[PDB]
Amino acid sequence: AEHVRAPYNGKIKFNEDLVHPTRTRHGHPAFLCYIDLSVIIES
Amino acid sequence: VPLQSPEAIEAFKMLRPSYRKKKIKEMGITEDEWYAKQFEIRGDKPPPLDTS
Amino acid sequence: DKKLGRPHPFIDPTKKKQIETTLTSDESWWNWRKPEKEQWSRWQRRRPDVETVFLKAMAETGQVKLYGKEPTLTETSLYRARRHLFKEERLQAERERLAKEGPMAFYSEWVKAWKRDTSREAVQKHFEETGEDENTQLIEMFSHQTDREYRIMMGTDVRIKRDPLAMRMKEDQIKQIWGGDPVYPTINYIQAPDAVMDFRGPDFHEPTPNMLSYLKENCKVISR
Amino acid sequence: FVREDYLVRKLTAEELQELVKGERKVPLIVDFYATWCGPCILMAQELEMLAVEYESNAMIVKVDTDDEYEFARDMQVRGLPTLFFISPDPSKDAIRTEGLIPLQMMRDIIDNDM
Amino acid sequence: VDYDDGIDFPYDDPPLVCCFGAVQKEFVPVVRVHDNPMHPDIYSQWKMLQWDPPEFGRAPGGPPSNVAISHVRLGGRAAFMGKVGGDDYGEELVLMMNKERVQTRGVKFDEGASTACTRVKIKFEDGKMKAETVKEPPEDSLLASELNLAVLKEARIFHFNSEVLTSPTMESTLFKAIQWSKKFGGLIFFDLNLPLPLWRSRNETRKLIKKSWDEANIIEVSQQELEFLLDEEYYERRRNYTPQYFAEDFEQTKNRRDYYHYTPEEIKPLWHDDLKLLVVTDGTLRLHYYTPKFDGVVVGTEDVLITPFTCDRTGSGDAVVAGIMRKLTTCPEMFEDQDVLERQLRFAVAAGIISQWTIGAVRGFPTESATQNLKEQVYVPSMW
C-alpha cells in the first residue's frame with residue numbers, strides 16, 4: 001500500500017461524516033473511505 | 001472492517017473527550033455524576049433482602 | 001520582498017502569512033495527542049553540521065542574513081546546494097584585497113614577527129632609501145615568517161584556494177562542526193606509542209600458570 | 001611449584017601489632033587500602049612493584065580498612081590511599097603519607113628516612 | 001585593618017574561586033566500612049566495587065585541588081591556597097596545578113618539610129597500637145600569615161573542606177581566611193567530605209564542624225554525611241521500613257530505590273541564618289537543594305556500567321562541587337530562582353557523570369563543552 005503524506009504543515013480540514021469509522025491494523029482509530037475525498041491543508 | 005455495530009460506532013465517537021462532553025451536556029448528568037455512574041453494577045441486581 | 005525577492009536573500013514565505021489553530025488535547029484521538037511530558041529522544045538535539053557552522057559564520061560576517069539566530073535545516077540544505085558560490089565570492093574578495101593592499105600588507109597576516117609598516121606607501125618610502133625594491137622587502141618579510149606560519153599561509157596557495165573563512169574560523173566555532181568535545185573523554189582512548197602493556201594491570205586476567213607447574217602444584221602430577 | 005602472584009602481604013591488626021612489637025631488620029611499609037577505593041587499584045600496583053624492587057630489604061604489608069577500620073582510625077589514618085613507613089630502629093618516628101605518592105618518593109623514604 | 005591592592009580594573013570575567021587546604025594527587029577522605037570485599041589481592045576485580053559501590057562512595061569527593069582543577073576545566077577560574085614541600089613531589093603537585101591552569105599564588109613552599117610525609121609516633125595503649133602526629137605535613141601547616149590576600153580579595157567563592165579541621169594550625173588559618181574572604185564579600189563554600197576520624201561519632205563531629213558550618217554560606221553534604229549529622233539510625237529505619245499489609249500509594253509498590261527528600265524541618269537543626277544554599281548529594285543520582293525560601297530536588301542519573309573497565313567513581317563529587325561553583329559564580333540567580341537553580345545544578349550532575357567514566361580524578365574532570373553536551377543529551381530540552 002502507498003502512504004499519502006502531508007506535503008505541507010498546516011491544519012487538516014475535511015467533512016469526517018463522509019467516511020466510515022474503523023480500527024486500523026495498528027489499533028489506532030481511523031476513517032475508512034470508499035469515495036474520492038478532498039482534504040484541505042490550511043497551510 | 002468499517003465498523004457497523006451502533007455500540008462500536010458510539011465507542012469510536014466517545015474516543016474524543018469533547019464528544020463525551022457533548023454527551024454530558026445533552027443528557028444533563030453532571031460530569032462527576034457521570035464519572036461516578038460509570039462504576040454502576042452492570043446488571044442483574046439480586047433480589048432485595050427480606051429479613052424478619 | 002515582492003520586489004528584490006529576486007536576487008537578494010528574502011524570507012521564503014511572504015511576510016504577513018496566516019496562522020491556524022487546531023485540535024487541542026481532549027479533542028483528539030489518543031494516538032494523535034502530544035504527551036503531557038516531553039519525551040526523551042536520542043534525536044532530540046540538532047545535529048551539528050559543517051553547513052551550520054559555515055552559515056552562522058557567513059551570517060555574522062553579514063554575507064548572508066538568516067530568519068533566526070540558528071540556521072534551519074532548509075537553510076543548511078540550500079547552503080549545501082550553493083556553498084561554492086559563496087566560497088568563490090570570498091576568494092574573489094580575497095584576490096581584490098590582495099590587489100588593493102599589495103603583497104606586503106596581505107601576507108603580513110602570516111608573519112607576526114614582521115612589525116614594520118607594510119602599506120604600499122611605506123613600501124615605497126622604504127624603497128626610496130634602503131634601495132630594496134618591494135620584492136626584496138617581501139623576501140625579507142617572508143624571511144621572518146616561521147615554518148608554522150608558512151604552513152598556515154599555504155592555504156592561500158593558488159592551487160589550494162582554501163576558503164578565507166575556513167582559514168580564520170576560531171577553535172570555539174570549528175568545534176561546532178562535530179558538536180564540542182566528546183562526552184566520553186578521549187583521554188580514555190589515548191595511548192602512548194612505545195608504551196609497553198603492563199599485563200599485570202587491572203584489566204588483565206591473573207597470569208596463567210604453566211600447565212605442568214599447575215598440575216604439580218595441585219599434586220596431580222609427580223616428579224619422583 | 002607455582003610461584004605466588006602477589007608479594008604484598010595482608011595482615012590483621014593483631015598480626016601487625018606482633019610485627020611492630022618484634023624486632024625488625026628492615027623498613028615496614030603498611031598500606032591501609034580498601035577494596036572499594038579507586039586509587040587503591042593503582043596503589044596496590046605501585047606497592048607490588050616496590051615489593052619486587054626491594055626484595056627482602058623491605059617488609060611491605062597491607063591492612064584492609066574494611067576489616068580493621070577502628071585500627072585505621074587509631075593509626076590516625078584520615079583517608080585512602082595512605083601508607084606508613086615504620087623504621088626498624090624503634091626510636092625513630094614513623095612516616096605517614098597520604099595520596100598516591102610516586103614510587104620514587106617511596107624509594108626516597110625507604111632509603112633516606114628509614 | 002585593611003588591605004589594598006592598588007588596582008581598580010574589574011579583575012576578569014569568570015570570577016575567581018579560591019580552594020583552601022591540601023593537595024594530593026588523588027585521595028579519598030570519606031572512608032567507612034563496606035559490606036562486600038572483593039579478593040584481598042586481585043585488583044582486577046575492584047571494578048565491581050566502582051559500578052556497584054558503597055553508598056557513601058557513590059560519588060567520592062577528594063582534595064580541594066581536585067575541585068580547583070575541575071572548576072578551571074569547566075571554564076571557571078580557580079586559585080589553590082595551600083602549602084607544599086620544597087621536595088620533588090611538592091613541585092610535581094604545583095606543576096599539576098599550573099598545567100591545569102589553576103592559579104598558584106597562594107601556594108606556599110615550605111623548604112624544611114616533605115610534602116605528603118607526616119611524622120607520627122607509634123604508641124601502644126590499652127594494648128592497641130595507636131599513632132600520634134609528631135609533625136604535621138606542609139599541607140596541614142599553612143599559617144594565617146601565609147595567606148595571599150590578593151587571592152582572597154579576588155576570589156568570590158572561598159571553598160574549603162573539613163579535612164582542614166583535622167589540623168589545629170590549618171583550622172586557625174582557615175578561620176582567618178574566612179574572615180578575610182567575608183570582609184571582601186566572598187561566599188564561603190563548605191564541601192564537608194568528612195574524613196575517617198570524623199565518622200567516629202555524630203555529636204563530636206557536629207561540634208567540631210559547628211563553627212565552620214555556621215560560617216559557611218553554601219554547604220555540600222553527601223546523603224550519608226547529612227544522615228550521619230542527623231540520626232543515622234532513624235533514617236535507616238525510615239528506609240528499611242516496608243508496609244506490612246499494603247502500600248500507601250502505587251509507587252511504593254515498585255520497590256525502587258528510596259530517594260527520600262529530607263524536609264526543611266529535618267534540616268532545621270543544621271540550618272542557619274547565613275546559609276544561602278545547602279546541597280545534599282545522593283551520588284549523581286539526586287541533588288537535594290535547600291534555601292531560606294524554597295527547597296527541592298534535582299533528579300539526576302548515573303551510568304557507570306556503560307564503561308565497566310574504565311569507570312572509576314573517584315572525583316565525581318569534586319566535579320559536582322566544581323560545577324555548582326561554576327554556575328554559582330556566573331548565574332547568582334541560583335540563590336533566588338528555583339527553576340534556574342535546578343537547570344544549573346543539572347550541569348553539576350552531568351559533570352559528575354562524565355567524571356565517573358575514567359580511572360583517576362584529575363584525568364577525568366570534564367570540560368565545559370562535554371558537560372553541556374551530556375546535559376543536553378541526558379535531559380529533555382524542556383529541562384536544560
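Note that each Cβ is placed from the backbone with ideal geometry, even for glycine, and that neighbours are counted across all protein chains shown. Every read-out reported here was derived from the displayed coordinates using simple, explicitly stated rules and does not represent laboratory data.
Grab the DSSP H runs of chain E that are 4 residues or longer, score each as -39,500 (n - 2.57), total them, divide by all residues and round the 222 nm result to the nearest 500 deg cm²/dmol.
-9500 deg cm²/dmol
How much net charge surrounds E:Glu139 when only the other residues with a Cβ under 11 Å from the Cβ of E:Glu139 are counted, with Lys and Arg +1 and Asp and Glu -1?
In short, -3.
Sorting E:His71, A:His26 on the 10 Å Cβ count, fewest up front, what's the list?
Listing E:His71, A:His26 from fewest to most nearby Cβ atoms yields A:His26, E:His71.
Could you list E:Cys311, C:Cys219, E:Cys18 so that the one with the fewest beta carbons within 10 Å of its beta carbon is first and the one with the most is last?
C:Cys219, E:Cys311, E:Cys18
Considering the protein assembly as shown, what Rg and Dmax in Å follow from its alpha-carbon atoms?
35.3, 136
Using every pair of alpha-carbon atoms in chain A, split the distances into 5 Å bins beginning at 0 and state the percent of pairs per bin, rounded to integers.
5, 18, 22, 29, 22, 4
Considering only DSSP beta bridges where both residues belong to chain E, give the percentage that are antiparallel (nearest 5).
So the antiparallel bridges in chain E amount to around 35 percent.
Kirkwood hydrodynamic radius, region E:115-239, all distinct C-alpha pairs: what's the number in Å?
16.3
Checking a compactness column here: for region E:224-363, what do you get for Rg(Cα) / (2.2 N^0.38 Å), N being the number of residues?
Output field value: 1.16.
Hydropathy at least 0.0 by Kyte-Doolittle, axial extent at least 20 angstrom from the Cα trace: which helices of chain D, defined as entire DSSP H runs, fit?
Answer set is D:38-54.
Fewest first, what order do C:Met104, E:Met325, C:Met211, E:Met383 take by the number of other Cβ atoms within 10 Å?
C:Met211, E:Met383, C:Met104, E:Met325
For region E:1-147, count all C-alpha to C-alpha pairs, find those more than 19 Å apart, and express that count as a whole percent of the total.
That fraction is 66 percent.
Quick check: convex hull over the Cα atoms of region C:99-224, volume per residue in Å³, rounded to an integer?
So the per-residue Cα hull volume is 239 Å³.
What Rg and what Dmax come out for chain E when only alpha-carbon atoms are used, in angstroms?
So, for chain E, Rg and Dmax equal 20.8, 72 Å respectively.
Tell me, what ³J(HN,Hα) does each residue in region B:29-36 have, in order and in whole Hz, if you take phi through Karplus 6.51 cos²θ - 1.76 cosθ + 1.60 with θ = phi - 60° and put x for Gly and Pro?
5, 5, 6, 6, 5, 6, 4, 6
With just the Cα atoms defining each centre, how far is region E:168-203 from region D:31-53? Give it in Å.
Taking the Cα centre of each part, region E:168-203 and region D:31-53 sit 31 Å apart.
How much of the calculated P(r) for chain D lies past 20 Å, in percent of all Cα pairs?
36
If one computes the Cα centroid of region E:1-18 and of region E:82-96, what distance in Å separates the two points?
Using only Cα atoms to place each centre, the spacing works out to 26 Å.
Enumerate the whole-percent occupancy of each 5 Å bin, from 0 to the last occupied one, for all C-alpha pair distances of chain C.
1, 4, 7, 9, 9, 9, 9, 8, 8, 6, 6, 5, 4, 4, 3, 3, 2, 1, 1, 0, 0, 0
Any idea what log10 I(q)/I(0) is at q = 0.12, 0.22, 0.24 Å⁻¹ for region C:27-96, Debye with uniform C-alpha scatterers and no solvent?
Results for region C:27-96 at q = 0.12, 0.22, 0.24 Å⁻¹ read -0.49, -0.96, -1.06.
Can you give the FRET efficiency to the nearest 0.05 for B:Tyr19 and E:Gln252, using r as the Cβ-Cβ distance and R₀ = 41 Å?
Taking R0 as 41 Å, the efficiency between B:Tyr19 and E:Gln252 is 0.65.
Could you grab the Rg to Rh ratio for chain B? Cα atoms only, Kirkwood for Rh.
Computed over Cα atoms, the ratio is 1.18.
Springs between alpha-carbon atoms under 10 Å, Gaussian network over chain C: tell me which of C:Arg45, C:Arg80, C:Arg162 tops the mean-square fluctuations.
C:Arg45
What is the magnitude of the charge dipole of chain E about its Cα centre, with +1 placed on the Cβ of each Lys and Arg, -1 on the Cβ of each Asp and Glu, and no other charges, expressed in debye to the nearest 20?
Once rounded to the nearest 20, the dipole reads 360 debye.
Where the centroid of each part is defined by its Cα atoms, how far is region C:127-202 from region E:261-325 in Å?
For region C:127-202 versus region E:261-325, the Cα centre distance is 43 Å.
Regarding region C:1-124, what's the average projected area of the Cα-atom convex hull, expressed in nm²?
Value for region C:1-124: 14.2 nm².
Just to be sure I understand: with springs between alpha-carbon atoms less than 10 Å apart, which residue in E:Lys121, E:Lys108, E:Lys268 has the highest mean-square fluctuation in the Gaussian network model of chain E?
Result: E:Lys121 has the largest fluctuation of those listed.
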